[PDB]
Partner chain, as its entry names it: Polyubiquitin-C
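To begin, one chain is listed below as structure tokens, in the form deposited without the partner chain.
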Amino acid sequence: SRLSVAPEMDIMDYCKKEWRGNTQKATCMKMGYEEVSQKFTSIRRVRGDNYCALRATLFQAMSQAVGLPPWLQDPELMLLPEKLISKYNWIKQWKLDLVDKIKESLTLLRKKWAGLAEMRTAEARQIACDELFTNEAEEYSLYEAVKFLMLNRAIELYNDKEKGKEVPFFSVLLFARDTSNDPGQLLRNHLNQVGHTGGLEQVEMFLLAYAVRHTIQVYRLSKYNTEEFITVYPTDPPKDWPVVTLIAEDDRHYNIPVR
């Protein structure tokens, strides 16, 4: 198999392989998988490279797509690269002209999502999504598109904040980080490193959820004995956003639980 989202396996078999022995840590993880297993029987292991949060979220979102969301239907989505890059010249510091590259990635994300949404059965969609996630250039193009949508949302949120408009508090937290005080520091110090030298930070999972308009419900196994045992990104989303559920043993890497 050439898949970057492994074939599914029983979640309890997965836990028994991964977490052996009697350490406090191992017991904590075992309780965490037992919690997940109340709702999900199986798990797909997501390739653990620096794109794993994007892979896990997109794979789940696209495999479950029965519609094309309005944000991907909106013709302005295709116009964004030119509008942003022309306005904000520092976007050309993007670590992969650039406008045509981004527009090709957005076009691919739109077309692949539309194609899944129209398939006549859930099995056809599973087959097609498995084919899409096989570590070929199409898969990494999708991540370029989602990183770019994260940057666009970050720019809007930053600009709302400056105009004194109301913004979700996670964006105050995002721009409070000393390496991320504005959108260009976000790009150079964070987004450019995503998929290259590190994965998304906790506060960026809120930005990811906003970028693709999905509610991301994560079982945080390292937080099991606390109220963050599950955290939902964002905390109070539109009731109309689809939900994707992930598991993260330690906020670094995400896998996909399967019902």
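Positions refer to the first chain, counted from 1.
One more form of this protein, deposited with the partner chain bound, exists but is not displayed; see below.
K.L.:
Spell out, yes or no, whether the shortest heavy atom distance between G198 and the partner chain in the bound PDB entry is within 4.5 Å.
P.N.:
Output for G198 is yes: heavy atoms within 4.5 Å of the partner chain.
K.L.:
If we define contact as a non-hydrogen atom of the residue within 4.5 angstroms of the partner, is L96 a contact of the partner chain in the bound PDB entry?
P.N.:
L96: no, not in contact with the partner chain in the bound PDB entry.
K.L.:
Does at least one non-hydrogen atom of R20 fall within 4.5 angstroms of the partner chain in the bound PDB entry?
P.N.:
Looking in the bound PDB entry, residue contacts with the partner chain include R20, since a heavy atom lies within 4.5 Å.
K.L.:
How about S63: is it within 4.5 Å of the partner chain in the bound PDB entry, going by heavy atoms?
P.N.:
Judged by the heavy-atom cut-off of 4.5 Å, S63 is well away from the partner chain in the bound PDB entry.
K.L.:
Partner absent here, but in the bound PDB entry, which of 108 to 116, 76 to 84, 150 to 158, 175 to 183 has residues with a heavy atom within 4.5 Å of the partner chain?
P.N.:
Among the listed stretches, the partner-contacting one is 175 to 183.
K.L.:
Though the partner is not shown here, which residues of 125 to 159 have a heavy atom within 4.5 Å of the partner chain in the bound PDB entry?
P.N.:
None of them.
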